[PDB]
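Chemist: Protein chains in written order, with PDB author numbering: chain A, 6 to 249; chain H, 55 to 282.
Positions of the beta carbon are idealized from the N, C-alpha and C atoms, including for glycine.
Below: one structure in C-alpha cells.
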Amino acid sequence: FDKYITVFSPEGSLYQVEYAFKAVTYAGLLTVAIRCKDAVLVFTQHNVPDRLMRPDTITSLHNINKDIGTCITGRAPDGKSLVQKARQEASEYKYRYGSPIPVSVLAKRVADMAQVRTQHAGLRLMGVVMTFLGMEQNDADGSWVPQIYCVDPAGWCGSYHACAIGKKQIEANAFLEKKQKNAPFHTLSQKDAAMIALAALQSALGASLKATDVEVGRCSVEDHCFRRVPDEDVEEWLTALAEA
Amino acid sequence: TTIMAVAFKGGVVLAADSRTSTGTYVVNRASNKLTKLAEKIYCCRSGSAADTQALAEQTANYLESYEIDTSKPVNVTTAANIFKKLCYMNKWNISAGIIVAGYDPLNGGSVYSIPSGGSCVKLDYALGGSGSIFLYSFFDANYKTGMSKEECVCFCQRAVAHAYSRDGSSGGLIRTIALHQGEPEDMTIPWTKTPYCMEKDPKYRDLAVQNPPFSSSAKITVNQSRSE
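This is how it looks when you write it as C-alpha cells:
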C-alpha cells in the first residue's frame, strides 16, 4: 500500500523515490561531467540505434538560458518536462530580480520541484537526474568559477568535482576516484580533464568511442555560454588518449 | 524626445537625443532611449519613461525565452509583433510611441513604427517623439535611399540635431546604434560636437533690431548697447 503512493514504509523509506532512481539506470545511458581549472565539461552518450534517425535531433544537452546547460539522464521525456520548468523558473527569476539566475540557485529550485512530488500524492515523480553546468561569480574579487550541480528524484541537490550518472555509474565513478588521487581536477587543463572523462566512459561501457558516440558541452572562463563542443575538438581528445 | 530609425542595405541605424523632462525642467540629461531587446534588435522609446521601460523589459523577457526554445536568433517581425500587442492591449493606460528595428538574416534590416494606439507599420524610416514633427520635411527634402552605413549614421546624427535645436523637449547627447550582420556599433556625440545648432549657425549670429535708440529718424540700424 506504500509501494503505490507517497507514504513512508515502516523503515521510514519512500518506495516511489527508490523506483524513480531505477528509472534512471533503466534508460541504458551514461553521462560524465568534470570541472577543471578554467572550465566545466559534460560528456554524455549519443545513442542512435536506428539507421534512419536524424542524429542531430537526439540530444540530452539543453540550454536553460544562455549561460546554463543541462544534461538529462534517465527517462527522456521526463527530462524535457524539467527542462521546460527550469526555463520558466529562469525566466521568472530574471523578470523579478533583473539579472540571470545563478546556476546554484536554479538547481535548488528544480530540487524543490522534485521534493514536492515526493510529499503530495497523485503526480508521478520524474525519473531523471538533471546535471546543471555553468559559471558562477564570487562576490569577493568578481572572478567566475565553473560549477556542476546534480538534482535527483528525491529532491537532493549537490555540487561535484566530477560525477558519472546512469548505467554503470558505479564502475565509472570508481575510475574517476582513482584518477582524482593523482591530481585534483581543479588543477587540470581542459584537455587533461577530457582524457579522464572519456576514459571513464570507455572503461565503463567496455568499448572504444568515436566522436559520433558522445555529445559534449562546455562552459569556460573565456566564454561563459554553455555551448556544444564541435566534433573535431573531441576527435583531438580521443586521439590524445589512444596514444597515451 | 526625438527618435528615429533608418534602413540601409544590410542593416538599420537607430538614433536618439538624451533628454528626459518634466515639461520645463530637465530631470535627466543623459538618458538612454535606445533599449536592447535581443542581440540585434533594439527599440527607440518615446513617451512616458515608466511605461516604455516596463514594455521593453517585458518584450525582452519574451524574446529571450523564445530564442532558447527555438534555438535560433529571432526575427525583427517577432519583436515588433510582441511589442505591438502589449502596446495595443494597454492603449488606454499608457503614453508610448515605439520604434523597433533590427537585423536578422531572413529579412535583413527592418523598421517598424508602433505609435500611440498600437498600430504597427513597416517602413524604410520612422520618426517619433515630440521632435519628430520638425523632421518630416527634413527627410522629404534631404533623405535618400541607397545610403551606406556611414552615410546613414551621419545623416541620423544631423537629423537629431536639427530636431533638438528647435524642440524645447529634446536635447543633450546624440546616441546612435548600427545593427547589421557584424557587431553592434554604438556612438554618443556630446552637445559640444553637435553637427548643428542655432547657437553656432552664422545666420543667427547678428541680433534682431528690437531695441533701437531714441532717434530723430525713422531709419533703423542697430540695437542700443549703452545708456545715453
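Using CA coordinates, which residue listed in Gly65(H), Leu117(H), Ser271(H) is at the minimum distance from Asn161(H)?
Modeler: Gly65(H)
Chemist: Buried or exposed: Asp221(H), going by 16 or more other Cβ atoms within 10 Å of its Cβ?
Modeler: buried
Chemist: Which partner residues does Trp149(A) have in the DSSP bridge list?
Modeler: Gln142(A)
Chemist: If we call anything under 8 Å between Cβ atoms a contact, is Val128(H) one with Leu140(H)?
Modeler: For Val128(H) and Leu140(H), no; Cβs fall outside 8 Å.
Chemist: Residues in its own chain within less than 8 Å of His216(H) by CB, not counting five upstream and five downstream?
Modeler: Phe188, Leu189, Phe192, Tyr250
Chemist: Nearest chain A C-beta to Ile168(H) closer than 8 Å, yes or no?
Modeler: no
Chemist: Helix, strand or coil, according to DSSP, for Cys141(H) in the structure here?
Modeler: helix
Chemist: Mind listing the chain H neighbours of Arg92(A)? Cutoff is C-beta to C-beta under 8 Å, in chain order.
Modeler: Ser119, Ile122, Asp123
Chemist: Should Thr76(H) be labelled buried (16 or more other beta-carbon atoms within 10 Å of its own) or exposed?
Modeler: exposed
Chemist: Confirm the yes/no value for this check: CB of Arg40(A), any heavy atom of the ligand ZN, distance under 7 Å.
Modeler: For the structure depicted, the ligand ZN is absent and the ligand set is empty, with no information on it obtainable.
Chemist: Please determine, among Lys184(A), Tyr20(A), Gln89(A), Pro105(A), the residue with the shortest C-alpha to C-alpha distance to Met118(A).
Modeler: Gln89(A)
Chemist: Based on DSSP bridge pairs, tell me the residues matched to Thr136(A).
Modeler: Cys76(A), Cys155(A)
Chemist: Given a cut-off of 8 Å, decide if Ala159(A) and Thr123(A) are closer than it, judged by their beta-carbon atoms.
Modeler: Yes.
Chemist: Verify the CB distance criterion: does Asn68(A) have a CB-CB separation below 8 Å to chain H?
Modeler: yes
Chemist: Please name the residue in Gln21(A), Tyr31(A), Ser14(A), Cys76(A) whose C-alpha comes closest to that of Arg223(A).
Modeler: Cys76(A)
Chemist: For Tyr154(A), count neighbouring C-beta atoms within 10 Å of its own C-beta (all shown protein chains included) and say buried if the count is 16 or more, exposed if not.
Modeler: buried
Chemist: Please look up how many angstroms separate the CB atoms of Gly151(H) and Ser164(H), rounded, as I've assumed it's under 8 Å.
Modeler: Contact between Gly151(H) and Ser164(H) fails: their C-beta atoms lie close to 18 Å from each other, not under 8 Å.
Chemist: Kindly confirm or deny that the stretch 98-105 of chain A and the stretch 123-133 of chain A touch, where touching means at least three C-beta pairs closer than 8 Å.
Modeler: no
Chemist: Kindly identify the DSSP beta-bridge partner or partners of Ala232(H).
Modeler: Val67(H), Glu239(H)
Chemist: Who are the Cβ neighbours of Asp197(A) in its own chain at under 8 Å, not counting the five residues just before and after it?
Modeler: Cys41
Chemist: Helix or strand or just coil, what does DSSP make of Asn68(A)?
Modeler: strand
Chemist: Among residues of its own chain, excluding the 5 on either side of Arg114(A), which ones have a beta-carbon nearer than 6 Å to its beta-carbon?
Modeler: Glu94
Chemist: In whole angstroms, what is the alpha-carbon distance linking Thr106(H) and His191(A)?
Modeler: 46 Å
Chemist: Between the stretch 91-117 of chain H and chain D, which residues of the former have CB atoms less than 9 Å from a CB of the latter, in chain order?
Modeler: No chain D appears in the structure shown, which is made up of the protein chains A and H.
Chemist: Label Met58(A) either buried or exposed according to how many other C-beta atoms from any shown protein chain fall within 10 Å of its C-beta, with 16 as the threshold for buried.
Modeler: exposed
Chemist: Tell me which same chain residues have a C-beta within less than 6 Å of the C-beta of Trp149(A), skipping the five on either side of it?
Modeler: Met140, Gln142, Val226
Chemist: As a quick exercise: from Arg99(H), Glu111(H), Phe209(H), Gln235(H), pick the residue whose alpha carbon is nearest that of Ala195(H).
Modeler: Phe209(H)
Chemist: Round the Cβ separation of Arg83(H) and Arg73(H) to the nearest angstrom and send it over; I've been treating them as touching at under 8 Å.
Modeler: Indeed, because the Cβ distance is near 6 Å, the residues count as touching under 8 Å.
Chemist: Contact defined as beta carbons within less than 8 Å: I believe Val130(H) pairs with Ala155(H). What is the distance between those atoms, to the nearest angstrom?
Modeler: With a Cβ gap of about 7 Å, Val130(H) and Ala155(H) count as contacting.
Chemist: Take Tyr142(H) and list the residues in its own chain whose beta-carbon comes closer than 6 Å to its own, dropping the five residues that flank it on each side.
Modeler: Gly172
Chemist: Are the C-beta of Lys172(A) and some C-beta of chain H separated by less than 8 Å?
Modeler: no
Chemist: Cα separation between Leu130(A) and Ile136(H)?
Modeler: Straight-line Cα distance between these residues: approximately 35 Å.
Chemist: Can you give me the C-alpha to C-alpha distance between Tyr218(H) and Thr242(H), rounded to a whole angstrom?
Modeler: 15 Å
Chemist: Check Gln120(A) in the structure and name its three-state DSSP category.
Modeler: helix
Chemist: Along the chain, where does the beta strand (DSSP E) that runs through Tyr166(H) open and close?
Modeler: Its beta strand (DSSP E) spans residues 162-168.
Chemist: Label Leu66(A) either buried or exposed according to how many other C-beta atoms from any shown protein chain fall within 10 Å of its C-beta, with 16 as the threshold for buried.
Modeler: buried
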